[PDB]
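Engineer: One structure coming up, written as structure tokens, with questions to follow.
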Amino acid sequence: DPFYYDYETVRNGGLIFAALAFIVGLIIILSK
Amino acid sequence: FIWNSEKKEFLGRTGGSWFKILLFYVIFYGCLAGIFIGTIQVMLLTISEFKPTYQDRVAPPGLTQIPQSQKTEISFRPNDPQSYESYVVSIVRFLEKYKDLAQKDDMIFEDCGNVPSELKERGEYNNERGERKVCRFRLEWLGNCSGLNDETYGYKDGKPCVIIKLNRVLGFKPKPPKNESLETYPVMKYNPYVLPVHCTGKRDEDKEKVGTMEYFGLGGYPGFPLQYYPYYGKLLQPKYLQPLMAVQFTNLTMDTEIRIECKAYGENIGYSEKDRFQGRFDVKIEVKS
Amino acid sequence: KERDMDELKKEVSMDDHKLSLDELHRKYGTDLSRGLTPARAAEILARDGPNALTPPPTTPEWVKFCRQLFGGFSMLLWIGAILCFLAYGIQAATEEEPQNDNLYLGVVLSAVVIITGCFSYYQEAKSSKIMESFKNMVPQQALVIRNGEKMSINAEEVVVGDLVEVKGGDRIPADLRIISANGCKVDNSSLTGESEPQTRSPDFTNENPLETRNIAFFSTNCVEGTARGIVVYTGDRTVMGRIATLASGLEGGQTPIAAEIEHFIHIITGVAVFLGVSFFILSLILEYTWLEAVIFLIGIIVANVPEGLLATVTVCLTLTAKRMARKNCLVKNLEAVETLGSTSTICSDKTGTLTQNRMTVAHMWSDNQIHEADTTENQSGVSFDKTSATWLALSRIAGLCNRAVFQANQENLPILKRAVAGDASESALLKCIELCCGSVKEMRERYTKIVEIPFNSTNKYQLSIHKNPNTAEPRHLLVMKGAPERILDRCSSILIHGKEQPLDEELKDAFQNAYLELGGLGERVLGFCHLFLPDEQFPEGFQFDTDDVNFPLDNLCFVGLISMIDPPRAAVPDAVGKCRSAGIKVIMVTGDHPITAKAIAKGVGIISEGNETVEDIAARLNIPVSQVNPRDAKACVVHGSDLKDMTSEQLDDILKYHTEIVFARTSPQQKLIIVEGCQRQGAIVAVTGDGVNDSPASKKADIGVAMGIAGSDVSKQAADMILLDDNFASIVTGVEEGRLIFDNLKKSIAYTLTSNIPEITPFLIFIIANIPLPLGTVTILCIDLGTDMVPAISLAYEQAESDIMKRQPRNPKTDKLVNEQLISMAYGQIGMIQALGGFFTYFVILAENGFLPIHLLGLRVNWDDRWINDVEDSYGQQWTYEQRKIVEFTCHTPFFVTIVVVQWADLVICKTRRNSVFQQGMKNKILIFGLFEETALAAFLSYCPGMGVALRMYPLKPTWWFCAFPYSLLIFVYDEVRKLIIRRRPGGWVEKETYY
Ligand code: BEF
Ligand SMILES: [Mg+2]
């Protein structure tokens, strides 16, 4: 049916998008 | 200071070069728009002129009423002619489009089964076929309430009554529940070609149950006939007349207010706790006289 | 009648020192050597007040905390909170939705304000905490005589009119009239700014009672000798008591920053009410019945005011003033951090301030040649050629001959800033010995002191004799230092390269002209001489005595002069070289003497080598001074004599027609009206000091500066800044930072403000064309205050776009923090294109699911009715309530996504105001982190589970992000070609209209 979206995977995935970005910056702001 | 109103060779603030600031702003906004306007014009060539690209949000259709009251509460007086006029003017204009002389041109209408029939697939959802005929609808199939000249009129002046209508959903081949009905309460063995609903004093506990209901349908069933589903959309079927369904409350204590939930069952039908109107239906009533 | 009291305090004081000691003995009622009995003194100690300052009259309790709760912007935002609750009103009553809507906002507003003030109060209380840990008041007890009998009672039981006896080391308990003395030099550096220690005596000398000799002054300490004298003024009646209180009793004056805060609130709220309030008039002006026509005003107008910037600001300053906290220079208040960058004039005191207030060897005379010592405090300077024997001799001379000695714990301290109980000349001399020619511990114990002669009364000579540890000539050694004129009289033989000679009148006038040359350079000169004794006439065992001439007083062997002056702090001169490089006038004010002040200021460059005063032009022409046109002297020296005798427009003409100004001999109060005078020009003024004559000038300056160790206590609580290490190079940092932090904030404000255009424009048209609510408040809360937080802070760490110490200081009138171009920029063009993309972001979604754009006109009416569960689109689909509201809050959530996106373009293009971002680069770390974190917070918020349930915001379908792309793009493109054309042709058009 065209009336059921897989919302849970793109959700599992922006959260991945969010951490990596969020942690790249924690690798960006502590250059040591 | 606070007096730069009309300064020499200058108005309040600046002005000798206003034409400069102003002209820049017209081009700019005139160009901020010819961009944006491009962009939305783009966005408009990618919308299927026929099917909604995204339909997932209406996943569970719902049950609405004809007298879309203030708060699903029908509070009237079976006496004062005006106590009930908001409500029956709304009923009078709702089915203004379902009288048989309105639907005279056979060119766009066709005479379908007068019994709940099978899915009238008229092709595919593209425009290769011409304009599809619309199955017709005779006030007859709604009895004792606006069933023509026999009774009705007071439209519920005495024992209150109301039509339930499904939300047109482009494409909905509504799937009803199979003959193994997972607790569908008292209903007849016509579970094949029709989609049902029923109403209750209260939800899932003890109830101020006070009511004897009587349902009116196409040939006399309690639901929705499949020979009119799913809708082919407004551009492909104008003036299309979706199934309506009428429920009547006879034995009503008058000076007290109870509640009534009308649910609708099917794999193709679902329910939401946050939306009391998804898949089910709520109305409170008070025949105060 | 206390302003009349505040005014006889900006006036020079007056007294009565010029009387016969008998006329003295008649007025006050007391004896000269026997004093007043102690039942009369138990009758005067309670007729008024014990010799004591009324404690600082300022004691605000911890309820002073509502101060950081109001002000200019917080109190300008204060209304908003109440307005929200005022808009909250109807919801509470009429069954609507006050439960969780217009109530949380109020809490948020309050909490936000609360935070803003709970954090700019906490700091301003960890810096009133770390300056109250330096006040070590050791109370010092007066030697008071009472019923003849020297009775040293506590510093607090003494009275006007009984004797007090100072010896060496006793702080002066109060203001006296010397009636007797013996070699009594006291040190008033702390009270009037006089440098070298000043002698005290009973006869009557000058008339300005400060510089006179028969009067001492509280807080100054008696350096040497002993004196007797009579107490004139007690308690708050002293001179440093008239001055502490007038210091205490003037206004801190507004800082140019909270001002650029105010004219911003003028424009913020200025258009806020002008548009919004007048714009909801329009709501009811169309046809909306009054009753519910303004039922949405509380909120739609709320977006216009930029909630959040309040926090972003009090941090951009907090990070700056944590960096100045790492270089040893504390701000008592926040906003003063900037002030220095806007300084066009810097007053600065001589003693204790510009200098070390410690006598130190300056120049030296040997072999008819002058040698400049090292005169700094951290030994980074020029050391003379210490190879000649003339030096070796002159050295052991000064080393052997001194009463001065090191204290026990004086080893690990710098050889100069360490302590010396003893004289000044003997301290500075002992000092330049232990540094230039080895240690003085084993050189003053190698020679056995036979008979000494301390400083005498007639002539000038201090002398001693020792025996011979050398192996060559076992003859005896004699040494003597004394005045050039009175030691040139008793001398005859000379010394060079190890062999003697006699006095020729050629080198006696090369001596009379490098005494008058070294002495005319402000330096107190001292000759040094020695002689051998005829060891045939006095044997190797004859212990001489102290009764008669035991050795030749004439035909001695002179060696060399030796000069000393109070030398500047090391970091002083370069600090000033930068001062004027940035075009800051540097004027010098000091209560010191015009020849010592003429030599120090030429030495520092306030007066560049080479302006002649009105006086250098007149002794050189050999004409009367009244002859030269003051127009031709670019520099000038003014004796505070003429100064009492002077008005405003006059003072107006001096500061105006004179670049290099040095004021001399000015009472504490006379430094006020100086600050106040450089303040009748419209410029801002930055004052730096040491003792208590600055308390008034340090408080009335836009900002006052003090010293930490070398300072006193009445101008360390009045100044608005303190210098802990006493390093004066740190000021060079401060005009650089306030000028920079200036230019960054300008970027910072324009960032959050641009937000405010796609912020409200939604609440606007939503009323215009009757469409659904394209953006929510919750959304409005996570930008002004949620994501936009860290990027508006990362922009505070932006670096410099040209040479900052190159451009002259800002004109407080012209260069506006928020000038009218920024708004034509942030509110004018960017926020517009900004609105453009969120709204483009807004149509695609209602269109893609099913609601075409031309369809949505007039819609919101049926769409905000909680009961219309059948709502047709253009495709003919019927939609319930919670369904299309769900489509609403996810037209809330990505609009916000689209925002941050353009907020990318914005933050990247506000980073530089003039320079292409490819020349300035993304070297800003935090700013990268900002990009990363802001996106992450955002993307965390939409996709987090039960986010639709809590905040009314759901996961986005993927094809939504990239909709703000060519916009944030065209944005970056627009401002970059903007910031290139300004680099090419600034003079014509472009720059003038835009450049914020
Ligand atoms: F202390 Be300063 F020389 F006025
Ligand atoms: Mg000083």
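The chain as shown is numbered from 1 upward.
Even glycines carry a Cβ here, placed using N, Cα and C.
From Swiss-Prot, for reference:
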ACT_SITE  C:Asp349  active site, 4-aspartylphosphate intermediate
COMPBIAS  C:1-12  compositional bias 'Basic and acidic residues'
MOD_RES   C:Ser13  phosphoserine
MOD_RES   C:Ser20  phosphoserine
MOD_RES   C:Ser201  phosphoserine
MOD_RES   C:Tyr233  phosphotyrosine
MOD_RES   C:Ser425  phosphoserine
MOD_RES   C:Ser457  phosphoserine
MOD_RES   C:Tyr515  phosphotyrosine
MOD_RES   C:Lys634  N6-succinyllysine
MOD_RES   C:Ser641  phosphoserine
MOD_RES   C:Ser648  phosphoserine
MOD_RES   C:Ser916  phosphoserine
REGION    C:189-208  region 'Disordered'
TOPO_DOM  C:126-261  topological domain 'Cytoplasmic'
TOPO_DOM  C:312-745  topological domain 'Cytoplasmic'
TOPO_DOM  C:797-816  topological domain 'Cytoplasmic'
TOPO_DOM  C:912-924  topological domain 'Cytoplasmic'
TOPO_DOM  C:980-996  topological domain 'Cytoplasmic'
TRANSMEM  C:61-81  transmembrane segment
TRANSMEM  C:105-125  transmembrane segment
TRANSMEM  C:262-281  transmembrane segment
TRANSMEM  C:294-311  transmembrane segment
TRANSMEM  C:746-765  transmembrane segment
TRANSMEM  C:776-796  transmembrane segment
TRANSMEM  C:817-839  transmembrane segment
TRANSMEM  C:892-911  transmembrane segment
TRANSMEM  C:925-943  transmembrane segment
TRANSMEM  C:959-979  transmembrane segment
Engineer: Go through the chain and flag residues at least 6 beyond the ends of the region 'Disordered' (C:189-208) whose CB is under 8 A from any CB in it; none is fine as an answer.
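Structural biologist: Here the qualifying positions are 12, 17-18, 21, 178-181, 183, 214, 216-220, 222-225, 227, 229, 239-240, 349-352, 355, 357, 359, 424, 524, 566, 590-593, 596, 667-668, 690-693, 712.
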Engineer: Output the one of C:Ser13, C:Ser20, C:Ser201, C:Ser425, C:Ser457 that, of all these modified residues, has the highest number of other Cβ atoms within 10 Å of its Cβ.
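Structural biologist: Selected residue: C:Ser425.
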Engineer: I need the CA-to-CA distance for C:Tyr233 (phosphotyrosine) versus C:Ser13 (phosphoserine), whole Å please.
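Structural biologist: So the Cα of C:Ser13 (phosphoserine) lies 12 Å away from that of C:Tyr233 (phosphotyrosine).
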Engineer: I want to check the contact list for C:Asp349 (active site, 4-aspartylphosphate intermediate): same chain, sequence separation of six or more, C-beta distance under 8 angstroms. What comes out?
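Structural biologist: Correct list: C:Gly193, C:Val589, C:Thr590, C:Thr688, C:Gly689, C:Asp690, C:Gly691, C:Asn693, C:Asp694.
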Engineer: When the Cβ positions of the recorded positions C:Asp349, C:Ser457, C:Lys634, C:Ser641, C:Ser916 are compared with the atoms of ligand 2, which fall under 6 Å?
Structural biologist: C:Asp349
Engineer: By a Cβ-Cβ criterion of under 8 Å, what residues six or more beyond either terminus of the topological domain 'Cytoplasmic' (C:980-996) are in contact with it?
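Structural biologist: Same-chain contacts beyond the ends: 746, 750, 819, 821-822, 824-826, 913-916.
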Engineer: Mind checking which residues reach the transmembrane segment (C:817-839)? Cβ under 8 Å, same chain, six or more beyond either end.
Structural biologist: 260, 263-264, 267, 742, 745-746, 749-751, 753-758, 761-762, 774-775, 895, 898-899, 901-902, 906, 963-964, 967-968, 970-971, 974-975, 993-996
Engineer: How many Å lie between the Cα of C:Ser648 (phosphoserine) and the Cα of C:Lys634 (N6-succinyllysine)?
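Structural biologist: Roughly 20 Å, rounded to the nearest whole number.
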Engineer: When the Cβ positions of the recorded positions C:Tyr233, C:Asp349, C:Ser457, C:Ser641 are compared with the atoms of ligand 1, which fall under 6 Å?
Structural biologist: C:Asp349
Engineer: Given the modified residues C:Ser13, C:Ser20, C:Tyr515, C:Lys634, which one's Cα is the least distant from that of C:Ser457 (phosphoserine)?
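Structural biologist: Ranked by Cα distance from C:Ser457 (phosphoserine), first place goes to C:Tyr515.
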Engineer: Counting across all protein chains present, how many other Cβ atoms fall within 10 Å of the Cβ of C:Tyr233 (phosphotyrosine)?
Structural biologist: 21
Engineer: Of the modified residues C:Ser20, C:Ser425, C:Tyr515, C:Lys634, C:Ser641, which one sits closest to C:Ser916 (phosphoserine) when you measure Cα to Cα?
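Structural biologist: Spatially nearest to C:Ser916 (phosphoserine) by Cα position is C:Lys634.
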Engineer: Measuring Cα to Cα, tell me the gap between C:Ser641 (phosphoserine) and C:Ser425 (phosphoserine) in whole angstrom.
Structural biologist: 30
Engineer: Which residues in the same chain, at least 6 apart in sequence, have a Cβ under 8 Å from the Cβ of C:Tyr515 (phosphotyrosine)?
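Structural biologist: Sequence-distant Cβ neighbours: C:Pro484, C:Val525, C:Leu561.
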Engineer: Go through the chain and flag residues at least 6 beyond the ends of the transmembrane segment (C:262-281) whose CB is under 8 A from any CB in it; none is fine as an answer.
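Structural biologist: Distant contacts of the transmembrane segment (C:262-281): 72-73, 76, 293-294, 297, 300-301, 304-306, 749, 760, 764, 816-818, 823.
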Engineer: What residues elsewhere in the chain lie close to the transmembrane segment (C:61-81), defined as a C-beta under 8 angstroms and at least 6 residues from its ends?
Structural biologist: 106, 109-110, 113-114, 116-118, 120-121, 124, 258, 261-262, 264-265, 268-269, 302, 305, 307, 310, 313
Engineer: When the Cα of the residue listed as 'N6-succinyllysine' is compared with the Cα of each of the modified residues C:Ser20, C:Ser201, C:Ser425, which one is closest?
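Structural biologist: Out of the listed candidates, the nearest Cα belongs to C:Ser425.
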